[PDB]
Structures are given as C-alpha cells and as structure tokens.
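Colleague: as they sit in the full assembly, here are the leading chains:
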Amino acid sequence: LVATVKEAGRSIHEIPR
Amino acid sequence: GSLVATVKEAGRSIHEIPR
Amino acid sequence: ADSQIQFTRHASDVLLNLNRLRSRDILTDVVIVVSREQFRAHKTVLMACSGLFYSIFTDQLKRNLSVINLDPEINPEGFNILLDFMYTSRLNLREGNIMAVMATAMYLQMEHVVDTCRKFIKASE
C-alpha cells in the first residue's frame, strides 16, 4: 500500500502560443 | 453572436486502445 | 515507505501543450484533406481519438503516408469541430451543425462522442 497525494497545480511547462 | 451555453460530459470521450 | 503523487491537471496540461504544438505546426506529421481544406496534425493524437485514424495509421500500406483524404461528402466544419475537440476536450456546437458533427464523428468512429450528442439532443430545450 502506497500513500497517495494529490497535486492540483500545473504539472509541466506551458508551451506558449 | 451569443453567450455559449456549456454543459459537462463525465463519461469516456473516446475509444479505449487495448493493451 | 512508498508514495505516489497524482497530478490532477497533468493530462490537461499535456493536451494543451499538444494543441500548442499543433498551432505552431511543430512535429506535426500528417495532413488530413477534407474537400479542398487541409488540417495539419499528429497521428498519435488522431489515433488516440478516432477508431478510424487508428486503423488508417495501423495499416502498413497507409502508415508512412503523409497525406489522407476522406469522403468528399464530409463537410470541413463538422470535421474541424471534431479535431478541435480532440485537442481541447471541448466540442463547440451550433444547433445548425450538430447533425453534421454527429454524422462526422460516427464516420471517424468516435462512438462516445456520437452518444454524447444524443444525450445533448435528449436534454435540449
């Protein structure tokens, strides 16, 4: 059993338009 | 023009590619 | 002690970046031709979303193909809406094009989208 933890923030860089 | 009505779909959106 | 961090908006951030890549025409490897209109895209995304494109790009004699035409009777608009959906999770409709959209998705073998449209018809008004 692994402890689970959630992240709601951006996960990776944002590639601009 | 118009203000877009939005509604959500919670189910699977596409086919599931098998393993 | 083992732990796991689940990034709830990761898939969405990945899809956004893929759309960005599409708009900047980066690493795009195929063009889809509908009537006289072209649409640049990534086969992997197309395959992930359409049972049809999955077959086409699974087809050894049409895999390394860089261009793909479709039924000439498939209107560009309905198709553009589906392609956007693929890259954004959003299906933009108008009462006037939902049928063409539903018809196009069925053609692209996107059954879940056809069924959602049905659910939408069901709840309309």
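Modeller: Now that the structure is in, tell me what you want to look at. Numbering: from 1, shown residues only, chains lettered A, B, ... in the order given.
Colleague: residues contacting residue A:2?
Modeller: By CB atoms under 8 Å, 6 or more residues apart in numbering or on different chains, the contact set of residue A:2 is C:2, C:3, C:4. For every residue, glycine as well, the C-beta is placed using N, CA and C.
Colleague: who touches residue C:49 in this structure?
Modeller: Each residue near residue C:49 by CB under 8 Å, 6+ apart is listed here: B:14, C:85, C:86, C:108, C:110.
Colleague: highest neighbour count among those residues?
Modeller: Ranked by the number of neighbours (other CB atoms under 10 Å in any protein chain shown), these place residue C:86 first, at 27 neighbours.
Colleague: against residue C:101, how distant is the residue lying closest to that residue once chain neighbours are set aside?
Modeller: Excluding its sequence neighbours, the residue lying closest to residue C:86 (CB to CB, 6 or more residues apart in numbering or on different chains) is residue C:49, at 4.3 Å. According to CB to CB, to the nearest Å, residue C:49 stands 14 Å off from residue C:101.
Colleague: while you're at it, add chain D from this line:
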Amino acid sequence: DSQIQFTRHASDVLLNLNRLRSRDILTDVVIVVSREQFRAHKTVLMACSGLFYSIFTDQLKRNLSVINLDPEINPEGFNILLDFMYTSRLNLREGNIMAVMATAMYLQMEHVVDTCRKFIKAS
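Modeller: Alright, chain D goes in next:
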C-alpha cells in the same frame, strides 16, 4: 451556440498514448540513459520537458531517432519521470526522491521539482 466539455477527455487521450507507448506504436525516438534505453513519442516528451522541447526543436538533433543523456543520470529516476509523463502519476520511495528531483531539474521539469519540495516539507 453550445460547448460540451468532456472532463475526462485529456486523461483518456493520455492513457491511449501510454498504450501506444507500451505496444511500441508510432514511437519515434529512443532515450538512452547509460546502458538502459527507453522508447517514447517526441511530442509527449516535448509537452512535458523543456530539455526535450529544445532538443526536438533543434533543426539538427530534431530528426534523430536516438538521444543520449549524461551517463550520471540514473535510469530509475528517469523512468519514474517518464512514467509520470504518460500517466500523471509520480512514484516515489524515500530513497529515490532526491534522485528524482535532481533528474527532473535536468529535464527542466520545475513544477515536478517544486511539488517534491512541497512534499518533503510534510514528509
């Protein structure tokens, strides 16, 4: 004018991309980390990593089907991040976390490094 928002669409797309990965379909490159190799899709790597964004953005090393990383980059740390890329889940053991942060720094995955920092502040 309406808009149906498919709330699990991105996640279903990502899973299907990982399926292709495992069935080695349309994969178009190999990342070499010491003796170990990893097949993947360039677009996915680009979406998640600045490094990879720059590499496949480089007209030169843009079409190569093989990329090599510093040999001091430990494969486990990399594999955990690669998995994360294709699944949204990051697997960490109290013994490989620091290695992971270190590896992500290399791949230019700032948000993941920052999330780990936030992690240690509790654990």
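Colleague: so, the contacts of residue C:49 revisited with chain D in the model?
Modeller: Residue C:49 neighbours (CB under 8 Å, 6+ apart): B:14, C:85, C:86, C:108, C:110, D:13, D:16.
Colleague: do residue C:27 as well
Modeller: Contacts of residue C:27 (CB under 8 Å, 6+ apart): C:21, C:42, D:42, D:43, D:46, D:56.
Colleague: dump those residues into CSV; add secondary structure as well.
Modeller: Formatted as CSV, the contacts of residue C:27 follow (DSSP: H, G, I helix; E, B strand; the rest coil):
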residue, secondary structure
C:21, helix
C:42, coil
D:42, helix
D:43, helix
D:46, helix
D:56, coil
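Colleague: wait, which of those is closest to chain A?
Modeller: If you rank the contacts of residue C:27 by distance to chain A using CB to the nearest CB, residue C:21 comes first, at 6.7 Å.
Colleague: check contacts around residue 7.
Modeller: In the absence of a named chain, chain A is used. Listed by CB under 8 Å, 6+ apart, the contact set of residue A:7 reads C:5, C:6, C:7, C:8, D:115.
Colleague: let's do chain C instead
Modeller: A:7, A:11, D:84, D:88, D:89, D:90, D:115.
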